[PDB]
């Protein structure tokens, strides 16, 4: 469905043909809670500032276009090397051992569709959400027709169309022009992928606290204790990194390899073959009346992105270390066992052997040569190893307590929930909202207390002072400090 080539600002796109256009949703759901004292403000701004951004050109179509160009750049790697190949053998061994050498069964249709949560857009070819098409217990005609075709094609072993609906991720961002894009997955690709991958990922989520793939981990439970015990079992030095533009730069050869590894322990049916073929192909995306191609990156809306991205990370981190050892004449192996690490998409925390610590600059450089842009986890310093009492993972830092280890969401993230509120209406600028008497706002603000309590009584009180004022706007309870601290306590154990 690509007609005539559009030529706008250097993007490879075409006029949408054979499909109805999918105009992206303008504005932001975030609106400012009125009367919030300045001491609780933190800086963040919605990604789509809208007419709050003085640049008149900073329109949604132009912003999406600029961000899509990144995926149209050549990948840093055209093919994988020996060190990545050595890492693949590690993951394969991990999966084969986990699955006891057994392939995981495909799901049949009903099971696969049931995995899809009610609140998901249906992608570029069917409007609205799943919930808008499975109302009175049964699927409407449009969804079923679309799903019947996809399921049929996929079961014949033929690749589906790897196409998404484009948009701007409506999120709060530091006041700094990279913005994440939305990749609304086709509901047909999503169901077939669910059928092929759900069982293996289920098995993976069950065992997430041991890692390396952290997808499924409960940062509120004893998972945290095993993650930390696992990290300190083999080392006393650690590396916490974040990566800039990870999704948008990822090399296809790595993504394809990750998918092949995840699929190797799945049932060998045509549906599997169809899914593997679909997801390995260059994703396309429909902005409005334009269809845009890509040459690199991993859509954040790709079914099972987290697991596959986590495998990519496992591969590149391990390879980076392997390559660095080889350059100093050392053959290194079984990294995930010698130096446990955890991965969750672009988020990683790794144990550091004394040899690894010494190889840090070369490891960082080899990560760069794989196309990655690592940045210190502690968003302020240069990259370096840190002691246990200093590690960072999944926007959390940790503290040894009498109730085991306890994870603390960075205070800024706590505070921003006081300043902003995800409203149910779109806003075209940064503005205040009064539509706050919402059930959701209520549970959010109660949960905020439990998160605040992890930081201590003083911080808790600070937050609770403002929450007490926000009680005029939202029906919700403000617990005592002990009460919230009992909730943390109960969540573990």
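Residue numbers count along the first chain shown, from 1.
In this entry, residue 176 and residue 177 are separated by 4 to 9 residues of the deposited sequence that lack coordinates. Comparing 19-27 with 6-14, the higher mean C-alpha B-factor in the PDB entry belongs to 6-14. Higher mean CA temperature factor between 425-433 and 47-55: 47-55, per the PDB entry.
Between the residues 326, 92, 266, 364, the entry's highest C-alpha temperature factor is the one at 266. Which of 85, 170, 346, 218 has the largest Cα B-factor in the deposited entry comes down to 346. When the modelled residues of the chain are ordered by their C-alpha B factor, residue 62 lands in the lowest third.
In this PDB entry, residue 306 carries a Cα temperature factor that places it within the lowest third of its chain's modelled residues. In this PDB entry, the Cα temperature factor of residue 360 sits in the top third of its chain's modelled residues, the highest group. When the CA B factors of the chain's modelled residues are split into thirds, the value for residue 281 lands in the middle one. When the modelled residues of the chain are ordered by C-alpha B-factor, residue 114 sits in the lowest third.
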